[PDB]
Amino acid sequence: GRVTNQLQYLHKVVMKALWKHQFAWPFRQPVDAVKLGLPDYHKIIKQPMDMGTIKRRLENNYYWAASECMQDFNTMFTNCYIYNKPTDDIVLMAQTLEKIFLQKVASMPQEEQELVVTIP
Ligand SMILES: CC[C@@H]1C(=O)N(C)c2cnc(Nc3ccc(C(=O)NC4CCN(C)CC4)cc3OC)nc2N1C1CCCC1
């Protein structure tokens, strides 16, 4: 992938805020459905995603565009809403983190530019 102003913002502003949040801990690592005794998790959730995975991807410049990274964040939250019961606290935890995600995303740089300065 590459490094852009928007990806750097997702890494150093958005991920920094979410990763340290009180509610982050269910989302800092992939779901281990074997240890949790949930054999239906991977039948229902076809694209697992978590903040540990996103953070590693950002660290390794996996993304080409901030929108791909935002889609991983979105997939993470959506998986939560799809699999769990509407009244579960983890749903309100996801909704809390997602609102911060959106509020932080609103102040992201407008024009995506690769953070690169090259000798022609
Ligand atoms: C998968 C379904 C749904 C969901 O979407 N995600 C993301 C999820 C992510 N993580 C968890 N749960 C746990 C996550 C990590 C741990 C953990 O680290 N446990 C330690 C084990 C060793 N020892 C040090 C003591 C504690 C324990 C968990 O069980 C509560 N649950 C999740 N749920 C919930 C499933 C039960 C209600 C909803």
# chains A, B, ... in the order shown; residues from 1 in each chain; ligands from 1
>>> residues_near_ligand(ligand="ligand 1", cutoff="6 Å", atoms="only C-alpha atoms and all ligand atoms", output="PDB file with C-alpha atoms, in the first residue's frame")
ATOM      1  CA  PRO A  26     -13.737  -6.529  22.810  1.00  0.00           C
ATOM      2  CA  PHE A  27     -12.471  -5.157  19.487  1.00  0.00           C
ATOM      3  CA  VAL A  31     -13.002 -12.928  17.698  1.00  0.00           C
ATOM      4  CA  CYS A  80     -21.112  -6.587  15.879  1.00  0.00           C
TER       5      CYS A  80
END
>>> residues_around(residues="residue A:51", least_positions_apart="2", cutoff="7 Å", atoms="only C-alpha atoms", output="ChimeraX atom specification")
/A:27-29,53-55
>>> residues_around(residues="stretch 34-43 of chain A", least_positions_apart="2", cutoff="10 Å", atoms="only C-alpha atoms", output="MDAnalysis selection string")
chainID A and resid 31:32 45:48 79 83:84
>>> write_last_selection(atoms="C-alpha atoms", output="CSV table (one decimal), in the first residue's frame")
chain,number,residue,atom,x,y,z
A,31,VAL,CA,-13.0,-12.9,17.7
A,32,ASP,CA,-11.9,-16.4,18.9
A,45,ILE,CA,-19.9,-13.3,9.9
A,46,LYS,CA,-18.2,-13.8,6.5
A,47,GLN,CA,-15.6,-11.0,6.9
A,48,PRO,CA,-14.2,-10.8,10.5
A,79,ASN,CA,-20.3,-7.5,12.3
A,83,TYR,CA,-24.3,-11.0,15.2
A,84,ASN,CA,-25.4,-9.8,18.6
>>> closest_residue(among="A:62, A:108, A:50, A:75", to="residue A:18", atoms="only C-alpha atoms")
A:50
>>> closest_residue(among="A:13, A:2, A:116, A:86", to="residue A:57", atoms="only C-alpha atoms")
A:2
>>> select_by_dssp(residues="chain A", states="alpha helix (DSSP H)", output="PyMOL selection string")
chain A and resi 5-9+15-19+41-44+51-59+66-83+89-105
>>> closest_residue(among="A:85, A:11, A:21, A:56", to="residue A:70", atoms="only C-alpha atoms")
A:11
>>> closest_residue(among="A:4, A:109, A:49, A:64", to="residue A:30", atoms="only C-alpha atoms")
A:49
>>> atom_distance(atom1="atom CA of residue A:78", atom2="atom CA of residue A:19")
17.6 Å
>>> closest_residue(among="A:90, A:115, A:65, A:106", to="residue A:24", atoms="only C-alpha atoms")
A:90
